[PDB]
Every structure is written in C-alpha cells, then in structure tokens.
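What is reported rests on the model, the rules as stated and the sources as named; no laboratory read-out is quoted. Counting neighbours? That spans all protein chains shown, and the Cβs are built from the backbone with ideal geometry, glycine included.
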Ligand SMILES: CC(C)n1ncnc1-c1cn2c(n1)-c1ccc(O[C@@H](C)C(N)=O)cc1OCC2
C-alpha cells in the first residue's frame, strides 16, 4: 500500500538502455554548462579589467585637469609681464602650447568613452551568459535526478556493476 | 613599433609630445625631455632635472612617483604614455612602498579605500601597525638572529664516518680542502678552516653554501644539514664559503541582548539585475545557520513573476528569538526560479552581528553569487563565503532590511557576562563507549559535559557539535567549559579549524594549541591553514594574526604565504581578504618585497613569452618557434627580468644567468616553457613555467608525498623520494622544479631496457646502489599512489633518476576520481628489484617489507591526513569536495580496522597486484 511512479520502462534492458541515453544527455548538458561557466568567469575578469582601466582613464584626465589649473594660475604673471616689453610672440607660444594640451585631453576623453561603450556591451553579454546558465540548470538538475532514479532501480533489481558501468561509460 | 609617443607635463603648465624608445630608462628620458624643453616657453623657471620625479598612472590605476630612474619605460607600464614632473617631496618612503605593494599583489590599494568599509579600514590600520612594529623590532636584533629569520636552517628529520670538505673565504680564488667527520658541529669546521696559513675569530663567521642562500650554523652536526646529507649520499664533496658577521649586517641594513525575547525577522524588499526565464516565477528561500547546522526551520517567499527587478516587500519571520542568536549567526539566502504550479539562480550569506559584536540594523544590499549545480543539491549554501560579490555593477543583488530591535544599539555580551551563565556509574560506562569510537547520544554527552572536560579532553570537538547553538543558555555553558579547557595536541587543533566549528572562541582555542608548532611542522600544514581563511567570517581574526606572526618571524614561511595568497588574487571571493593580508605582510617585509617584485616581473615576462610561443606553434614548426622564442628572450628588458632572481620554488636557490640556447617549450597541451639557468658562484637549475592549466592538484599531492617522506624518515626509513617543487603563482599559472638527470620510463624503453639504462648510468660497483635506490623509491611511490588513490599511472608520467630513484610526475587525478585504485606492481619494476633474475626471494622480500613498513607508518598518522584533507575541502578542488573523497583515505588506510587486520588486507592486495603484474605484461 505504497507508491512511486518515476521510471518509464519496466524491463531491465529497456531501463538500462534509457540509463545510457539519460546519462549521455546529462554529460553533454554538463559540458554545455561548463563551457558557459568558463565564459562567465572570463567575462567577469574582463569586465573587472575594463572597469579599472576606466579608473586609470579618470586618474589620467584628473592629472591633465590639474595641469590646466596650473597653466591658468601660473601663466597670469608672464603673459602680463611679456605684454609690456612687447614680447607678444612668447604670449602666443604659451597659449598655442596650452591649446595643444587641451586638444590632447579631448583624445583621452574620446578613448575613455570608447571603453565605456565596450563595457556597456560586455555587461550585457555577462547578463546574457547568466541567463543562459539559469535556463540550463533545470535541465541539468532534472537529468541528474533521472540518471540516479534509473541507477537505483537497476541496483534494487540486482543488476551487476559490470552492466551498470557499460551503460554509464 | 619600437618607439612610443609620450606626453610630458611640466610644472609650469607647459606640455610636450615626442617619441622615445620603450627600452629607454627614465633617466635617459628626462635628459631628452630637458633638451626639448629648452626650446619651449618658461624653461628658465624650471629647476634642474634632479629637482623633479616623473609621476605616472600605472596598470593598477594609481599614481606612482617613479623614484628609480634606472627603470625602463616598458617595465614601468604606465596606463597611457604620460609622465608628469612633480617635486621630490614629502615622505617618499611611504609613497614608494604603497605603489610597489599595489603592483606586487595585483590589486590597487585605492580599491580598499573605495569600499568605505570600517572593517577593511580598521584591519589595514591594526595589521599594518602590527607588521611594521615586528619589522622595526627585527631590524634592532643581531646578525645571528637576523640570519635565522632570513635563512632558517634546512635540516633532515645515525652512522659516524668521515669525509672531506672544500672551504673558501669571501672574495678569494684560493680554497682549502680537508678531512672532517660527519658528526662534527659547523663551528668546529670554521675554526679548522680559519687556520689558513698557520687575527680573526671563528664565531664572527658563518658557513654559506656557495651558489645558494643556504647557511650552516647552530648546535647541530654536519650530517643533519640537507646540503651535507645530500653530498654524503650522492658521494660528492661539499663546497662552502666563510662569510664574516659584518657582511651579514650589509645584507640586513635596509629600512542587554538576552533581554530581547522578540522573534527574529527580516524585511525582504527587492531583487535586482536578475536573469531568468520569463515563463517561470522567482522565490527567495531564507535560513539561519551556525556552521553546517540550522538554527531553525527555513522560511520562503511567495511566487512573484520573473523580471530584472522583482519586488517582494515581505516580512520573513523565523522560529527563533533574537536573544537565542549565537555570536557567529549566519543568515543565508538563495534566489530560486520555479514553475508557478527547480533552478537555484544565486545565493548570499550574511552575518547578523558585525565585526565589533553589534547586531546589525537597517538596509543591507547583498550582491549575490551564482549557484552551481552539484551532487549534494542543498537548498541553501551556508558553507559559502559571507563576503559580497565584488562585481557590484553587473551582478544580481537582493535588498533586505533588519528591523530596529531597540532604540540604542545592541552588542553580543562580552566574555565576562558570558561566564556569569557558566558557573551555573551507568552514565560513565555509556559515555566512554560513545567516545571510544546520534540524538540519544547527543543528549547524554551534553548532560555529562563536565565529565568530557575532565576525562575525555580530546573529545572537545564531539562536544561542540552536540551543543544546541540555537539556545543561548547552552551556548554560554559550553563557552564556560571551553575557556578553562585543557590545551590539546596539534592534531586535535587542526580538526577545530574546520567549518563545523565557526565560534571564535573555538577558533581562538585552536590557534592557541597551534602556537607550539615549529616552523618546519607549520610549513607542512601552511597550505591548509591558508585555505581555512575562506571559512572565516570577519577579516580581523586569530588565524590571520597567527599567520602574519609566523611569516614575519620566518622569511621562508612568509615567502610561501605570499605566493599561496598571491596565486588566488584573481578569485573574487577571496581577492579582498587575501589582498589585505599581502599588504600587511609587505609592510612588515620591505626587504623581501624587493625579492618578490623581481620574481613577479619574471613571471610576468614568462607569461608574455609563453603566449607568444602558443600562437607561434600554430603558425610554424618547432625549430623556428624555438629560435623566435630565443630572439624575444635576448631583448634587454626580457633578459634582465628573467636573470638574477631567487627561485619562487625555493628562495634559497639562486636563478642567475638564463641559458637561452638550452631554453625551449615542451610538446604538451599548454606548451610549458623549459627555462634553464646556471650560476658561476656555484648546480645547473631548471624550471618549467606552465600557463593555462591548473597546478593546485599537483602541489597538494607533492605536499602529501613530502609529508609521508618526513613521516617515514622520523622512523629511520629513507625511501629515497623525490618531492620536487611545485607552486601555483597566479591564474592557471605556476612553476615546477626540473629534476636533472631523469627521464620518463617510456623514452628509456623506446631508445631488459630499463635495467640496461641503469647499467649505463651506474657501471660496475655503482649498479648495486642504483637498484637499491629504485627498490626503495618504488616501495614509497607504490604506497603513496595507493593511499592517495592516484590512478592514470603509465610510462609517460613515471620517471627515473640516473641515481636509480623512481618518482612520479603530473598528478592530475587522485582519490579514485577521473572508484578504488588497486595497489599496483609493474613487471618491469619487479624485474629491476630482483636484479634481472627470474626469482630473487631475498631482494623481493625486503621490497615487500619496505612497502609494508611504509603503509603501517601512514596508518599511525591517518587522522593527520584526514584532518589536513578535511581543511582542503575549502580550496574547491573538483576531486576534493565532500566526505566521500575523505572516506577514500579512511578506507585506503583501513582506519576502521585494527593494525593486524589492515596489514593482512594490504598483504592480500599486494599479493594480487603481483599476480596481476604478470597478466598486465602479456
Ligand atoms: C610535463 C610537465 C609539464 N609536467 N606536468 C606536470 N608535471 C610535469 C613535470 C614534473 N617534472 C617534469 N615534468 C620533468 C620533465 C622533464 C624532465 O627532464 C627532461 C630531460 C626530459 N625527460 O624531457 C624532468 C622533469 O622533472 C621532474 C619533474
């Protein structure tokens, strides 16, 4: 007066054939998952690298912003002191040099922006990887549970380890 | 391209842009800069080049003042080629050390500040101050004590014959060869050498082993030293040097709650960044834990529909009061995706109390880790880390809220208040029977808790587990006993470090019993102690302090500590914990820090060299690839980085000059580089750099074979083992020691045949030694591989030394994983053991006796192997994850049987392997 309806087949060879099929399905799904987990781990590391590379872009630009602060504070005296005693060339050199500095900042801002775009894109991949992993987990876990139910059934029935091995291998 | 355009920022605000060479050092670059700055405005206001340092943003995103101007630009590796001139200003010593640490540990120090975590800031503060104090205190001490810190003695764990020794002095071509006994103490050897012609005193000297940083000193005989012992066995003459005490100074000189009967509950608010099947629905299961054990039943959410930002706003209540919650109480979440009416998505653990003993209140945002599917599919993951996921921007997270339990905050009571609730036969026979080898048993042990303390002190571990940590009265009564508990042997303390014993008072007691370790013995378990840190709840803890103490007192322990931690800095779950320990160590080890820098830079270049060889091996055949590797090695920055460094595998070994011609790569899957060295101070050392594959498996196995050898030698049984060096250094990156004058059994047989090889390497008299060397090592490695369950044993992964010693390589598989690996004797090995004869009962019986004696000795130390393997479950090795993997050792060492029973089973297994040896060969 008890019950458990789980195994679809009820003769030893048929159950063993379906043990061999379900185990193959499981091993292949495990490899599928493992492949994705490599991609997950790798993409986590690449995203970390890109995120510290952005910090390195900030810190560079911060150094360039300080240079502009200095140039503006420091030049005040020499531009005024070279306006009198008409050395208007030295003024023009200071400012052209300062325009050369500002122009370089824009290149570094551009290259930071390109890396932000890559990180935006790679952050989406990471989520897509994590989603695909999560859709695989049920199949993988179901396939593990089935594999074990079939093994237990054949063990209970008293099938020798030699036959269980060849279905698994 | 060879040259690089570099941006220069001058302190007047002026900016220059011009190409320099990647190979140019910063001093050269400052010359070129000054020559160009001449013809740009405001030059006349600058000071001289020596008034300024170059600053750059480095690879780890921090500013770095570049003080060493002999450094090449390509070695500096600034993020972008930008150099700013700043003043040579302030405390340049702190700045320089901060910079070098970040590069050395592969994590910027600013990332510790970025967290705004009081626990992290407090840890850095306390531990750096502690490490610095040790370092200054060390600098005061004498040359002999400093020598002991820097170059501790390498000793063996007893005949009295005589043999000669070559002794020289420092800075002198001429040397003296003369006779000396094996049982002489090195002071006597010095005084003898000191009689050079017929001024100086022999106690002002030490004996260096020339070619290496190994030294002979102290109250021990010559034979106990590994160098002399090695020379005596091989037959060679020791070559030593007499170094003066002043010459060592030259090295040295480098500078309330229990009232709260309210039930425990939490507010589950929102999920975030979730990635799931929209057809399914989401559920959060929650549970409270203390170690493995649950404290109450595990409550769940209602099924909310799948989206990125699922909202619950539920009140999750639990079947336990706040006053019942133990110190190390652990709230554990798992996000699940289910059919509405199963997929574990992610998980996150959280300590209810903080690092300062305060019960937490308010909003926590737990960034979750993804669940992996596995055999023992538990609902929650209480064994997993409490540290948050450091991918805060992308990873899925849960918002929760601990309610306001009281107006003023509440702490866990102190020891003094805990000891208040502390002072408050058939049974004797029943208790003994239980502890001489369940729920009725648990209640009896608890009732007789005072009897266990008095009569079964080693049963402390059993008693901790029976204690009901979900009742605060039991908790306090247990702690009372624990605080007066008698000190336990090292073996018992190793068990108490396991995750089953989370309470800090148990942790503190376990460390207290491990303070009696010697550095030799501590070194044998250092790997396991490093893994146990992953079970820790709080950053500041007794085990970290302990490991830092020993590392600062012993430079060898600090070397292998550094690398064990350094090699997992890529792993997010330990990056923070490990990174802070490395920082602290570095601050108390500014000397060794410079040696470890040199090693890291070589390992950085070997990576780039290996990557090149991988990609080129697909393009062209081996001879041309080998040559192109050499051309890459010839480069100045490469050659200098690879040359003249202490070996990561053994810091007393000196890797001096690379032999680029002898360098190559091996024909294996990951194409590991074969780098050979030579030192004219000496001893032709070789290393294998392997990248792409994991080496943690091989290290653990080699650590365990080495442990077996030490265990056997302690019974006067030297089985002539070869536990070569193996060390993980980074992400799927490590080094392997090359063993000279050895070859795989496959290669020897391809070119009867095994015995011919030994004849050609040991002609005449010597052959008898070679067969004995083989017999001894064959016995040891037969037992070793049987006990550890190491299969896949074939001619390509078994090697033999020209001395005769057999040894195994490449231990990818162990504990039966890929079922019980049988004991295995090979017909070819039995042939060599029997001296080529068909029957040699005399020789073969001795060999059986060696195997039996070896096996017997390991059973006596079986619990050590069990406990050490139990702590390695922390490491996350695929083939070592659960009790079944540990159960393998229990059965392979037959610990459930008596010594008489086990030996009878070993003999049967031995006998069947011999019968199978004939069958396998046909
Ligand atoms: C195959 C390799 C990368 N590997 N993988 C996992 N363990 C090893 C590994 C470990 N050892 C070695 N290889 C090794 C190889 C070659 C060798 O000598 C040269 C002359 C040879 N016979 O070609 C000496 C050696 O020293 C023993 C230690």
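Summary of computed values
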{"quantity": "Lone qualifier among B:694, B:650, B:698 - being within 15 Å of the ligand (Cβ to nearest atom) and within 14 Å of chain A (Cβ to nearest Cβ)", "calculated": "B:694"}
{"quantity": "All positions within segment B:409-443 that are outside any helix (DSSP H, G or I) and more than 39 Å from the chain's Cα centre (by Cα)", "calculated": "B:409, B:420, B:421, B:422, B:423, B:424, B:425"}
{"quantity": "Inter-residue pairs, beta-carbon under 9 Å, first not assigned by CATH to the domain that holds residue B:849 and in segment B:898-922, second loosely packed, with under 11 Cβ neighbours inside 10 Å, 6+ apart", "calculated": "none"}
{"quantity": "Test: residue in segment B:732-739 that is over 22 Å from residue B:684 (Cα atoms), within 14 Å of chain A (Cβ to nearest Cβ) and either within 12 Å of the ligand (Cβ to nearest atom) or under 15 Å from the mean Cα position of the chain (by Cα) (or both)", "calculated": "yes"}
{"quantity": "Residues within segment B:36-49 that are exposed (fewer than 10 other Cβ atoms within 10 Å of the Cβ) and under 17 Å from residue B:69 (Cβ atoms), tallied", "calculated": "1"}
{"quantity": "Enumeration of residues in segment B:756-765 that are assigned to a helix (DSSP H, G or I), away from the ligand (no atom under 16 Å from the Cβ) and surrounded by 17 or more Cβ atoms within 10 Å (Cβ to Cβ)", "calculated": "none"}
{"quantity": "Residues of segment B:469-495 classified as in contact with a helix residue (DSSP H, G or I) (Cβ under 9 Å, 6 or more places away or on another chain), surrounded by fewer than 17 Cβ atoms within 10 Å (Cβ to Cβ) and outside any helix (DSSP H, G or I), total", "calculated": "4"}
{"quantity": "Residue match in segment B:818-831 (condition: within 27 Å of the chain's Cα centre (by Cα) and either within 16 Å of the ligand (Cβ to nearest atom) or at negative phi (or both))", "calculated": "yes"}
{"quantity": "Filtered residue count, segment B:796-812, keeping only those that are more than 12 Å from the ligand (Cβ to nearest atom) and surrounded by fewer than 22 Cβ atoms within 10 Å (Cβ to Cβ)", "calculated": "1"}
{"quantity": "Cross-chain or 6+ apart pairs with Cβ under 9 Å, segment B:690-701 first and closer than 20 Å to residue B:602 by Cβ and assigned by CATH to the domain that holds residue B:728, then within 10 Å of the ligand (Cβ to nearest atom) and assigned to a helix (DSSP H, G or I)", "calculated": "none"}
{"quantity": "Residue list for segment A:44-72, filter: touching a helix residue (DSSP H, G or I) at 6+ places or on another chain (Cβ under 7 Å) and more than 8 Å from chain B (Cβ to nearest Cβ)", "calculated": "A:46, A:50, A:54, A:61"}
{"quantity": "Residue in segment B:110-121 that is within 13 Å of another protein chain (Cβ to nearest Cβ), within 30 Å of residue A:74 (Cβ to Cβ) and part of a helix (DSSP H, G or I) present", "calculated": "yes"}
{"quantity": "Residue identified as assigned to a helix (DSSP H, G or I) and either under 23 Å from residue B:128 (Cβ atoms) or touching a helix residue (DSSP H, G or I) at 6+ places or on another chain (Cβ under 9 Å) (or both) among B:540, B:520, B:498", "calculated": "B:520"}
{"quantity": "All positions within segment A:73-88 that are within 11 Å of chain B (Cβ to nearest Cβ) and either farther than 18 Å from residue B:12 by Cα or surrounded by 14 or more Cβ atoms within 10 Å (Cβ to Cβ) (or both)", "calculated": "A:74, A:75, A:78, A:79, A:82, A:87"}
{"quantity": "Number of positions in segment B:186-212 that are outside any helix (DSSP H, G or I) and surrounded by fewer than 16 Cβ atoms within 10 Å (Cβ to Cβ)", "calculated": "7"}
{"quantity": "Number of the condition not met by residue A:3 [criteria: (1) within 10 Å of another protein chain (Cβ to nearest Cβ); (2) under 30 Å from residue A:167 (Cβ atoms); (3) out of contact with any strand residue (DSSP E or B) (no Cβ under 9 Å at 6 or more places or on another chain)]", "calculated": "(1)"}
{"quantity": "Boolean, residue B:529 is in the same structural domain as residue B:453 (by CATH), part of a helix (DSSP H, G or I) and over 18 Å from the mean Cα position of the chain (by Cα)", "calculated": "no"}
{"quantity": "Residue B:768 being in the same structural domain as residue B:705 (by CATH), more than 15 Å from the ligand (Cβ to nearest atom) and farther than 21 Å from residue B:704 by Cα", "calculated": "no"}
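Conditions tested, residue by residue: (1) closer than 18 Å to residue B:777 by Cβ; (2) more than 10 Å from the ligand (Cβ to nearest atom).
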{"residue": "B:661", "(1), (2)": "no, yes"}
{"residue": "B:667", "(1), (2)": "no, no"}
{"residue": "B:702", "(1), (2)": "yes, no"}
{"residue": "B:713", "(1), (2)": "yes, yes"}
